[PDB]
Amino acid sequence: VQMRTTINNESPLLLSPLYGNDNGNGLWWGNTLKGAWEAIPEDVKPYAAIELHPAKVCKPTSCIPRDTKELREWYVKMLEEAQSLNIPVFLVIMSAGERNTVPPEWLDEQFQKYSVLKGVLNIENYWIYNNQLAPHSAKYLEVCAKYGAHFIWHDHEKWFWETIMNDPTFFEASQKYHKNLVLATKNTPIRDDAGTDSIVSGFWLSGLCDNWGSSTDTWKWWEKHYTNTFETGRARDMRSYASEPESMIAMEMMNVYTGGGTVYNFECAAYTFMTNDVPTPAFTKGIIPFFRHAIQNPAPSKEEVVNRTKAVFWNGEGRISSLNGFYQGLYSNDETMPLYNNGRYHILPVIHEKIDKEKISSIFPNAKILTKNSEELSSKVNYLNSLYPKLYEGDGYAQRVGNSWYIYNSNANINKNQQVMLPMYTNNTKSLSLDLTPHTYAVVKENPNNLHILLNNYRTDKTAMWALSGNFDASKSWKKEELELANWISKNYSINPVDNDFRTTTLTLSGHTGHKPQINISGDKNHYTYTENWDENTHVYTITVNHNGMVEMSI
């Protein structure tokens, strides 16, 4: 059977979600299916699909998809509309512990009837686990495999993922139907961010799913009690989910991309996608630019990830869920939030206990296998440092990925700059330094005879939204107050974004071989300025870029 969607490093997948209303045209946030697909740029469409979440159609609880006549009617309504418009869709059929979801036979019928039906999603169970979720998922995965479709499971936490893959039914189904399975993170619950990346990407490296990825959830900002950027002492509300910096959404995608991930999903869609069929700046200037990067520059392949791996942690003699400082001193000081401090070790794979040690040796013949009982963990950092050399200086995040550096400022909600000094691997220049304000990322690619540099620091000022009068408490999710916020977004944030405050990224090329570089530079229109400086004696070129948005250069 031919796959309904081609998903791999050369063909990643962007999911954009719509939500059922038990009223009106059947969709929340003023959106339509036609408008959702209109929002997807033409170059992105071959690598995109629309997620259909029944949301308020579900009864008794919004978003919990208990099988009902109204649920099936809604799925069919949306399938009919998508088929008429040739829009690729995935249905959310499992969430939040629901045991009585649509029958596999019903899903089988829908695959037969609708060529636009590309697969299904199970989303969010870490707070409401039960022993039916893994077996039910296994049965739906089998149906997916019959039709060349994908089963996409978004979930989180070390103990949780350990538990799922210990299920004999799901472990067996994963081994058979890995082609049709995508396992993915969902960092809403502000715990275990580093461990979850390690385990989920570890499943992919272990051959249990052919793709992994993420649901990048701006509700984390609300969970943290954060408000306007850098602000303390204000009560959280729904405006918090519209307050994670736009470029920081892209930095979360970078963690997935550089780890070999290939599937990207997002919440909360009022901020991250569209309201009233008007796409948001977080979508157009945050998610889309990074996803375009991922289309144009394939992520590391499985074999590239295997070959750069110097050590793995195997859960076979005690599990990573029982080592709650593991990532301290290595690359995450704070597993409640997604940003990494250090790129030196990449994402360190965690291999599940159900994979035999002999199999690990087979997959990673050159890697050290660490376990909880490894003597070396008595000096964990020194030992891993003996395997992964130090590649740069400074306090920013930098990761070497083939012939590129992937870089960001790792401060989520503290207004402090970071610097990196990056040795270079070609004689285009000897070293490259960056001074980066918060919510700035960079990618530097070394071609044989030029450097290509991407900068992006896009962050709108959220002050206006936070200044509004009204009740926007999260208790009004799925109610009129939430729609008021969505309406305001469509007329303020999305059409007059407050994005004219520029911040400075300073790029210094030391030992740039020839004479004054002649730069080729472009960027978001009206959103950058720059000054150049060349020292002919020291062969140092400096470009000072003042920007709020994307800037690209070839040197």
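All residue numbers are counted from 1 along the displayed sequence.
- Here the stretch with the larger average CA B-factor, out of 435 to 443 and 472 to 480, is 472 to 480.
- Averaged over their C-alpha atoms, the temperature factors of 299 to 307 and 367 to 375 are higher for 367 to 375.
- Remark: of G207, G402, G343, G233, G233 shows the highest value [criterion: C-alpha B-factor in the PDB entry].
- Remark: of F291, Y383, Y226, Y271, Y383 shows the highest value [criterion: C-alpha B-factor in the PDB entry].
- When all modelled residues of the chain are sorted by CA temperature factor, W74 is found within the highest third.
- Ranked by Cα temperature factor within the chain, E246 sits in the lowest third according to the deposited record.
- Ranked against the other modelled residues of its chain, the C-alpha B-factor of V540 as given in the entry falls in the highest third.
- Annotation for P17: C-alpha temperature factor in the middle third relative to the rest of the modelled chain, per the entry.
- Remark: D108 belongs to the highest third of its chain, ranked by C-alpha B-factor as recorded.
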